[PDB]
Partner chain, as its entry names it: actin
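Quick setup: one chain, the form solved without its partner chain, written in structure tokens, and binding and motion questions come after.
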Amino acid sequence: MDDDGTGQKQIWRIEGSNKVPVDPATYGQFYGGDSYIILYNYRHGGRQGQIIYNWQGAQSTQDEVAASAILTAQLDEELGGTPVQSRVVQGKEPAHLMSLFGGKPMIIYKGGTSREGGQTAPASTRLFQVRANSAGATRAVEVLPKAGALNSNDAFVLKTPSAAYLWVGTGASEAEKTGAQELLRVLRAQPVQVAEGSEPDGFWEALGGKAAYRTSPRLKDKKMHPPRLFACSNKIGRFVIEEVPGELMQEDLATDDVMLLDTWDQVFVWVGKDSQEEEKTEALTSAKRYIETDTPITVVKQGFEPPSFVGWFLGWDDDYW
């Protein structure tokens, strides 16, 4: 998509069985607990086009998902079936979608709405993980404000009632730092700039006490061979290994299969709760084979992942399973 992403756009949010316009001042910020529809009008190479992006939040319920399907169908027909359709889940946005927000990063908030509870309120202390990919697309995902949630490869934003902090991992990029600043502009707070390893007491205090966090040599590395996740399965009747593209998300770990995470200087073998013994055995063979055709193979179990593994995921959640 050569289009520059500067066309007119309307973003509605799925609320109940309706779509509801989103504050146009906030376009670019989404609730991870919600589903969205983006009608994008553009003109490129002389022709006018239309894209509907159906954005599904990571914590979006099955009924919200069902509601956006009807809602899209309606919108499609209303526009006389002219536009291009694209279904997108959180963390797998194509470049073109990321560009719609004027170079600004996509901000994904904890929480959202539902039929029962309505709009959740934001917490008083909140932490954001700001990660950008190879191409400079940047995502600031809200996570739990604990010391353990940090990782050296990204920049973090911490916002308490009384203070703000911009924590920069040894491995964070300029894109990630710029992104952090934009989030802070949206949060309307002034940062205290903090480098990893020389944090003030107030910073650890705001996160509920200093603790170990997601770090490794590779996580710390500034230069960047970005890590690669593979799904290993034998559900189809024979063992197979396929790569998972886009941002590394907790949902990407198949709870009934084994996963390989190649961080170059280490291969992680993630074992699903509901995986079968054969799946792991084979995976250990395959990993050993990947390596031998050009390194520690660390074996990790669902729910018992070490900080060195989790750090590679954009926004982990201890109570996900």
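Residues that one form lacks are left out of the comparison. Residue numbers count along the first chain shown, from 1. Whichever C-alpha set is largest while still superposing within 1.5 Å between the two forms counts as the rigid core.
Below, we refer to the form deposited with its partner chain bound, which is not included among the displayed structures.
Engineer: Sort through 238-246, 194-202, 147-155, 93-101 and report the only stretch with a non-hydrogen atom within 4.5 Å of its partner chain in the deposited complex.
Structural biologist: In short, 238-246.
Engineer: Verify the contact flag for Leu71: yes if a non-hydrogen atom of it lies within 4.5 Å of a non-hydrogen atom of its partner chain in the deposited complex, no if not.
Structural biologist: Because a heavy atom of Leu71 falls inside 4.5 Å of its partner chain in the deposited complex, the answer is yes.
Engineer: Taking heavy atoms and a 4.5 Å cut-off, does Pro83 contact its partner chain in the deposited complex?
Structural biologist: It does: once its partner chain is placed as it appears in the deposited complex, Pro83 has a heavy atom within 4.5 Å of it.
Engineer: Hey, in the deposited complex, does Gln56 get a heavy atom within 4.5 angstroms of its partner chain?
Structural biologist: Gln56 belongs to the contact set for its partner chain.
Engineer: Are any of the heavy atoms in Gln62 no more than 4.5 Å from a heavy atom of its partner chain in the deposited complex?
Structural biologist: Looking in the deposited complex, residue contacts with its partner chain include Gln62, since a heavy atom lies within 4.5 Å.
Engineer: Would you mind picking the one in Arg228, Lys220, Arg87, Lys177 that has a heavy atom within 4.5 Å of its partner chain in the deposited complex?
Structural biologist: Filtering the options by heavy-atom distance leaves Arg87.
Engineer: Of the options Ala254, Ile38, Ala67, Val269, which one has a non-hydrogen atom that comes within 4.5 Å of its partner chain in the deposited complex?
Structural biologist: Residue within 4.5 Å of the partner: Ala67.
Engineer: If you apply a 4.5 angstroms heavy atom cut-off, which residues in 178-215 are near its partner chain in the deposited complex?
Structural biologist: Heavy-atom contacts within 4.5 Å come from no residue here.
Engineer: Requiring every Cα in the run to move by 2 Å or more, and the run to span 3 or more residues, what stretches do you find between this form and the one not shown with the rigid core held fixed?
Structural biologist: Moving stretch: 42-44 alone.
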